[PDB]
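Only the coordinates and a few stated rules stand behind these numbers; no lab work does. Because the Cβ atoms are built from the backbone with ideal geometry, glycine has one as well, and the counts that use them run over all protein chains shown.
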Amino acid sequence: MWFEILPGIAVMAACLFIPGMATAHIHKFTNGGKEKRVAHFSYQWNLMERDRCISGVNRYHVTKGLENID
Amino acid sequence: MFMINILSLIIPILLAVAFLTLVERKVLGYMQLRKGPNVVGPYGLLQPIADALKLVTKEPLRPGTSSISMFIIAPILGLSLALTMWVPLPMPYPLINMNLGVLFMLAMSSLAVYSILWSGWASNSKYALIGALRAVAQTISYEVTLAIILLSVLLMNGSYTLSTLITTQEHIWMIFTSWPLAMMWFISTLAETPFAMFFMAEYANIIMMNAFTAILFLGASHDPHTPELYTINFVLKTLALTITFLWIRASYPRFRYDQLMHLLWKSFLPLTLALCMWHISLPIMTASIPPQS
Amino acid sequence: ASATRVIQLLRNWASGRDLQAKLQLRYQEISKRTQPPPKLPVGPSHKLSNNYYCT
Amino acid sequence: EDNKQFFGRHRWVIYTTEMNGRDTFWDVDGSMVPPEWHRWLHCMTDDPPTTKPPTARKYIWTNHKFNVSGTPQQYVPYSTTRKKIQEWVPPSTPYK
Amino acid sequence: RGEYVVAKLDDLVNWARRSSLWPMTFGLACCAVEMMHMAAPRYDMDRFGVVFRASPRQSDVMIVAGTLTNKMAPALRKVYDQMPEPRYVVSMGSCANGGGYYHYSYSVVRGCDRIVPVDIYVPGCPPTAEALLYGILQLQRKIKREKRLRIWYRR
Amino acid sequence: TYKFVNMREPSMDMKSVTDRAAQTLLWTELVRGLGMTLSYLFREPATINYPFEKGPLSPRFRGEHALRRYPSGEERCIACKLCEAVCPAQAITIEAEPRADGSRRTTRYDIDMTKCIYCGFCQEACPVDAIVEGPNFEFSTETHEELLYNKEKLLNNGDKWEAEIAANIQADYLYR
Amino acid sequence: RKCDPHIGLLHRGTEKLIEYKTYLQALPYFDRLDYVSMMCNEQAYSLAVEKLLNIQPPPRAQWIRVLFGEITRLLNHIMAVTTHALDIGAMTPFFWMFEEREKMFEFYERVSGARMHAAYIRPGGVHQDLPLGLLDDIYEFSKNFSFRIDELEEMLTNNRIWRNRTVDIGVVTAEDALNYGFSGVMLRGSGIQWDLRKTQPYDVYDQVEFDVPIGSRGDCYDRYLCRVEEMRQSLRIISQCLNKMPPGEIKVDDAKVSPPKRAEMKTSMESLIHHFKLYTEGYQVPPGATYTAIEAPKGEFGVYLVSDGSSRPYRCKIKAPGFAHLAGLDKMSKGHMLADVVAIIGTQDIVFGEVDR
Ligand SMILES: CCCCCCCCCCCCCCCCCC(=O)OC[C@H](COP(=O)([O-])OCC[N+](C)(C)C)OC(=O)CCCCCCCCCCCCCCCCC
Ligand code: SF4
Ligand code: SF4
Ligand code: SF4
């Protein structure tokens, strides 16, 4: 019957699904919460380098808000 | 862990390349009153394993008049390409957010012609020589329609950054603004697409072309917090397109070469130019030029 | 036959033709496979008189 | 047996596990069907042996055999006739 | 034990080889169009999964169907040479099996055997669809009972 | 009585040319092709499961041959040699002999199964219904020698396929 | 520029072994001649032999011959178009229609007992009777057959890619075609108003109503249209045939040409003697030389049979329709691109069974 196609499509749908979910989840992980900041222009990149420098632990995703300044 | 993410893409795509074949045969089967693979495992679930390990156990005969060096690097490029354009896809968040992703996709996908060109030359047979010649001219004819469609599409997008496509569509599917181009684009994708490899190379091209068409024309809403929404929508859209891609595989007599060139250069290229002219002035026409940044 | 109404109106619309009127395969429209005994007819020469093969 | 299935699929089977000293759990062929039911299964009639068994006769096999090719029990042909031009029998004696 | 491992690897390999054939069909005579009738939906010779054309190099079993005349004698033998191992041929029909209805003709080799070695002899004139599909199943079981890896370890 | 198959001309009114331009610019007859096979996709398949069920046959089916015997167990063959004479591929070779009892039946009966053509002339030639083709068709082999039948194998099949032969000939002796 | 075909790759000594087999043994060769259509070849051989024998079949036999003659026409025309469809691509009509051929094979199975090579039509009529309930299934399939053929047309008639690959690609003019010995679809495709069933109605074809689908232009698309309308114009013939099936004996009442009934054989001696002699040497055909041709489903199939005056044919030459058709392969493949040649043989409708003899 025509619905026997679905077991065929379902597994590859999972096979196609895994790359998307894995990339999003590892982005959340290796960047610790906030997604991987995107630097399409030198302005965003030097922003990121400022974040890495200001973190003091060489991790751009570490953010120091109002508790840092005096 | 970034390396793990690559294997978390290449292998499942490789399996995805492996596993839609049973979808093809059973869709193509059930279409013609047939059943498709259903005796090997439940509903042919194990049919892909039934063929792959058989193929790797089959000895790869090599023609006597074959240049081994080219005969083994042409599949190397063919697989290397077929698993490389999967990397910049804006699927939730792309592995590589290249600011020129569309250009990179085109340059590296247009490189696939070398594999078939080398295969025909390295094989060194009368059949292989013409077949390579026919395949390449059919292919090299069709980037000009590919490039113009994508170029003219991207005027209302904003840039070649593939991630920006999601922001552009958001409200409506982008087909509603360029549906004359969608049929223009979709048809051109059909024709552009050792022997054990060549299954994998063109086949990832088949799904990725539809994945590429999915993001381009039928976008989705990417919620910043929950990414699974875009994952399901992207997969569902690229499945419907691929089913259509095989829907037409067994629904038309195959094109003949003289019409194949005639169809493009006399009925596809001139109309593609007009639509590009329509979509280059219309953002200017309505003061709706998009932001690149 | 089996196929529900929802699948039916999909296949009628996609084809544009009423396929349920006649199917390409037979559910119960055939002759019963075994048949009652027959009685074959006779011909123009199964007579005993003026059937001389010479004429 | 069914009537809802279409013609050619209305009557069907799954096979036994043991067939004359041969396990049958994965492999299947069409020759284990006994003749009495071979008529009913192939839709050649409509009276199963339960309803209409075959006429009992001595020479009819009491145990149907499936196809045997590829096994130590094969078939091997041979001349069924008798020897002709029989070699002249020589006597022995010592000699003359 | 290494004997157990070679047995499992034997079973794993041929299970594919008994489920993924590709028939290079030799369309010659009424037995050949009868094959395509098997690939028709009524019997579905593609559900087990062997493609109807399969091309020359993309093929495993060559179904010799039809009368084999000396006209085609060298063409098939050169084709059988190009068929990569493991390669099997199933002689279909009385004409291809021994000659059939043209055994005494001047322009036909009596049986496809005299040209190539055959694994399965399916009889018929023409053989009924399943009668050859059963023969394919017979070749399927013939692949189940091979000792390729087992013989290598034994040597 | 003859009927033209291509003499229609396309009307040049605005409606028809609009139909033609709409037909090609945005493909419709091709989309109609998609719709037809889609309806075919949402339809039951006609593919039977072999050998779990097979296509229907008829009582007149001609397949693997088998000699028969009388209810007494006495063979039907009388070595009248009719089947050999009519056998169009000369697959019948038989030799008779004055059997010791006095019934004098055949000594040899070899059917060259790979020469036979399953034409069914042999059964209709026999005046005592000795040689018949059983409904079996799955009797393939891996050896040429297996196909070449003989009197013993023919008798064995008659002992094996007897329910079908008796029943099929019972459903057919009025027909032929 | 060159279109000389290398043929004989199937050739068997058909005529040579016909010279040594008796007429009854000669019959199965024609079933094996065209490996696309079986039964309509028996019509040609049978019609020739009865004409020499000066024996006509009973009216019951005549209608069964035409009924199975038409189902053969469907059978050949399904295979011809579907194989035409396959070589271009378009595998779906190939599968969908081949499902229906299974029904007609079962019809062949029910009457003759064999799937393809029926050997059902013999000099003097049909050997076996029509099984009870057979014509109802013919009515069942025929009623549903038209619906399938519209599905073929719906996918195929207006398809631009098929049409464009089959319009004006391969074309032969009226005088070149008719001079080349063409027949069947090609004369009708070129516009020639000729058809053996209408001009010289053999058997019972005089008492039936149908039309001959001829067309203009002469290219292969119209030949494709000619076959399709033949399907419908065939379907009306079976519709009238099973509506007007007369009651009578299946074979001639002449025991010297028709073997007696089995009951007669085992009861009356002259039945036993005649069957004995009919199955040792058979009837002796009086000397003569007739070329009888019929409207074969693919063309005009004829046999030129000379009779020695004994129980064997002196020489029987087969007029293979494809043999004349393939002879013109040069003419209908002149100038067109290489990719279209397979289309030409697709519309040339060459089966290797009879062109290679
Ligand atoms: C204010 C409005 C501004 C914009 C207006 C734009 C113009 C109006 C609309 C024009 C027509 C529609 C757009 C162009 C379409 C193509 C035009 C063309 O050349 O057509 C004729 C062309 C050529 O037709 P032809 O060759 O028969 O005739 C062309 C004309 N001559 C004879 C002179 C050469 O059609 C094709 O090429 C047929 C299809 C080929 C591919 C086969 C598969 C088709 C599958 C279809 C179903 C799937 C569709 C998927 C769509 C996408 C989904 C994501
Ligand atoms: S065995 Fe019979 S059906 Fe097969 S090719 Fe030979 S003659 Fe034709
Ligand atoms: S069916 Fe076979 S054995 Fe019988 S007469 Fe014909 S060729 Fe000879
Ligand atoms: S099988 Fe019949 S025809 Fe042949 S020799 Fe025996 S009795 Fe005579």
- Message: It is to be established whether one or more residues within the range B:68-82 are out of contact with any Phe, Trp or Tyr (no Cβ under 6 Å at 6 or more places or on another chain) and outside any helix (DSSP H, G or I).
- Response: no
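Can you tell me which residue within the range F:86-95, out of those that are at the interface with another protein chain (Cβ under 9 Å from one of its Cβ atoms) and crowded, with 19+ Cβ neighbours inside 10 Å, is nearest to ligand 2 (Cβ to nearest atom)?
F:89
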- Note on the structure: Going through the range F:135-172 in order, the residues found to be over 27 Å from residue C:37 (Cβ atoms) and among the aliphatic types (A, V, I, L, M) are F:147, F:148, F:154, F:155
- Message: With the structure loaded, tell me whether residue E:59 is part of a strand (DSSP E or B), away from ligand 3 (no atom under 16 Å from the Cβ), buried (at least 18 other Cβ atoms within 10 Å of the Cβ) and among the polar types (S, T, N, Q) or whether it fails that test.
- Response: no
- Task: Could you please let me know if residue D:82 is within 12 Å of chain F (Cβ to nearest Cβ) and surrounded by fewer than 11 Cβ atoms within 10 Å (Cβ to Cβ)?
- Result: yes
- Looking at (1) within 14 Å of ligand 2 (Cβ to nearest atom); (2) touching a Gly at 6+ places or on another chain (Cβ under 7 Å), which is the only condition residue E:101 fails? (2)
- Message: residue G:70 - would you say it is touching a helix residue (DSSP H, G or I) at 6+ places or on another chain (Cβ under 9 Å) and more than 14 Å from chain F (Cβ to nearest Cβ)?
- Response: yes
- For the range F:150-170, what are the residues that are more than 7 Å from chain D (Cβ to nearest Cβ), surrounded by 19 or more Cβ atoms within 10 Å (Cβ to Cβ) and not polar (S, T, N, Q)? F:154, F:158, F:165
- Message: The conditions are (1) at the interface with another protein chain (Cβ under 9 Å from one of its Cβ atoms); (2) away from ligand 4 (no atom under 11 Å from the Cβ); (3) over 15 Å from the mean Cα position of the chain (by Cα); (4) farther than 30 Å from residue C:32 by Cβ, and residue F:83 fails exactly one of them. Which is it?
- Response: (2)
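Go through the range E:100-155 and count every residue that is part of a loop (DSSP other than H, G, I, E, B) and among the aliphatic types (A, V, I, L, M). Walk me through it before giving the result.
Going residue by residue through the range E:100-155, those that are part of a loop (DSSP other than H, G, I, E, B) are E:103-111, E:115-119, E:123-128, E:145-147, E:155.
Keeping just the survivors that are among the aliphatic types (A, V, I, L, M) gives E:108-109, E:115-116, E:118.
Of the residues in the range E:100-155, 5 are part of a loop (DSSP other than H, G, I, E, B) and among the aliphatic types (A, V, I, L, M).
Identify the residue in the range G:191-213 that is in contact with a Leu (Cβ under 8 Å, 6 or more places away or on another chain) and within 12 Å of another protein chain (Cβ to nearest Cβ) and, among all such residues, is nearest to residue G:68 (Cα to Cα). Quick ask: steps written out before the conclusion?
Here is the first cut: in the range G:191-213, the residues in contact with a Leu (Cβ under 8 Å, 6 or more places away or on another chain) are G:192, G:194, G:202-203, G:213.
This time we only want the ones that are within 12 Å of another protein chain (Cβ to nearest Cβ), so: G:192, G:194, G:213.
On the way: G:192: 26, G:194: 22, G:213: 21 Å.
Looking at the filtered set, the residue picked out is G:213.
Here are some residues: F:71, F:59. Which one is farther than 30 Å from residue G:12 by Cβ, more than 16 Å from ligand 4 (Cβ to nearest atom) and out of contact with any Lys or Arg (no Cβ under 8 Å at 6 or more places or on another chain)?
On the way: F:71 fails: out of contact with any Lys or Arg (no Cβ under 8 Å at 6 or more places or on another chain).
After applying the criteria, what remains is F:59.
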- Task: Please work out which residue is farthest from ligand 3 (Cβ to nearest atom), limiting yourself to the range F:111-137 and to residues that are in contact with a strand residue (DSSP E or B) (Cβ under 9 Å, 6 or more places away or on another chain) and within 19 Å of residue D:69 (Cα to Cα).
- Result: F:136
- Those strands (runs of 3 or more DSSP E) completely within the range G:205-308 that have 2 or more residues that are exposed (fewer than 15 other Cβ atoms within 10 Å of the Cβ) are G:288-295
- Looking at the range E:90-109, is at least one residue away from chain F (no Cβ under 14 Å), more than 16 Å from ligand 1 (Cβ to nearest atom), surrounded by fewer than 18 Cβ atoms within 10 Å (Cβ to Cβ) and under 30 Å from residue B:56 (Cα atoms)? no
- So residue F:139 fits all but one of (1) over 24 Å from residue D:47 (Cα atoms); (2) under 18 Å from the mean Cα position of the chain (by Cα); (3) within 13 Å of ligand 4 (Cβ to nearest atom); what number is the exception? (3)
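Matching residues to (1) in contact with a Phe, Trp or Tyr (Cβ under 8 Å, 6 or more places away or on another chain); (2) away from chain B (no Cβ under 14 Å); (3) surrounded by 11 or more Cβ atoms within 10 Å (Cβ to Cβ); (4) assigned to a helix (DSSP H, G or I):
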residue: A:5; (1), (2), (3), (4): yes, no, yes, yes
residue: A:10; (1), (2), (3), (4): no, no, yes, yes
residue: A:35; (1), (2), (3), (4): yes, no, yes, no
residue: A:44; (1), (2), (3), (4): no, no, yes, yes
residue: A:48; (1), (2), (3), (4): yes, no, yes, yes
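Can you name the residue in the range G:328-356 that is charged (D, E, K, R) and in a helix (DSSP H, G or I) and is also surrounded by the fewest Cβ atoms within 10 Å (Cβ to Cβ) among such residues?
Of the range G:328-356, the ones charged (D, E, K, R) are G:330-331, G:334, G:340, G:349, G:354, G:356.
When the remaining residues are screened for being in a helix (DSSP H, G or I), the result is G:331, G:340, G:354.
Working: G:331: 18, G:340: 21, G:354: 29.
Step by step, filter the range G:328-356, then rank; the result is G:331.
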- When you go through (1) under 19 Å from the mean Cα position of the chain (by Cα); (2) surrounded by 22 or more Cβ atoms within 10 Å (Cβ to Cβ) one by one for residue G:155, which number turns out not to apply? (1)
- Message: Here is a check on your reading of the model: is residue G:250 within 13 Å of chain C (Cβ to nearest Cβ), farther than 18 Å from residue G:157 by Cβ and not polar (S, T, N, Q)?
- Response: yes
- When the range B:212-244 is checked residue by residue, the ones that are within 13 Å of ligand 1 (Cβ to nearest atom) and either crowded, with 20+ Cβ neighbours inside 10 Å or not in a helix (DSSP H, G or I) (or both) are B:212, B:213, B:214, B:215, B:216, B:217, B:218, B:219, B:237, B:238, B:241, B:242
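Within the range B:210-222, is even one residue at negative phi, more than 19 Å from the chain's Cα centre (by Cα) and not hydrophobic (A, V, I, L, M, F, W, C)? It would help to see each step written out before you state the result.
Quick first cut of the range B:210-222, residues at negative phi only: B:210-222.
Cutting the leftovers down to more than 19 Å from the chain's Cα centre (by Cα) gives us B:220-222.
Checking the rest, the ones that are also not hydrophobic (A, V, I, L, M, F, W, C) come to B:221-222.
Looking through the range B:210-222, at least one residue is at negative phi, more than 19 Å from the chain's Cα centre (by Cα) and not hydrophobic (A, V, I, L, M, F, W, C).
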- Query: Out of all the residues in the range B:230-249, is one or more within 14 Å of chain G (Cβ to nearest Cβ), within 30 Å of residue G:168 (Cβ to Cβ), of a type outside the set (A, V, I, L, M, F, W, C) and out of contact with any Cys (no Cβ under 9 Å at 6 or more places or on another chain)?
  - Reply: yes
- The one condition in (1) over 30 Å from residue G:95 (Cβ atoms); (2) within 13 Å of ligand 2 (Cβ to nearest atom); (3) more than 14 Å from chain F (Cβ to nearest Cβ); (4) not small (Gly, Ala, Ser) that residue E:72 fails to fulfil: (1)
- Task: Only residues that are surrounded by 14 or more Cβ atoms within 10 Å (Cβ to Cβ) and of a type in the set (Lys, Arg): list them for the range B:117-136, please.
- Result: B:134
- Query: How about the range F:28-53: which of its residues are more than 8 Å from every other protein chain (Cβ to nearest Cβ) and not in a helix (DSSP H, G or I)?
  - Reply: F:28
- Do we find that residue F:111 is facing chain E (nearest Cβ under 9 Å), within 16 Å of ligand 2 (Cβ to nearest atom) and surrounded by 23 or more Cβ atoms within 10 Å (Cβ to Cβ) in this structure? no
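Could you please let me know if residue G:199 is within 22 Å of the chain's Cα centre (by Cα) and among the hydroxyl-bearing types (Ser, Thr, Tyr)? Let's see the steps before the verdict.
Working: within 22 Å of the chain's Cα centre (by Cα): yes; among the hydroxyl-bearing types (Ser, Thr, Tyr): yes.
Here the answer is yes, as residue G:199 does meet what is asked.
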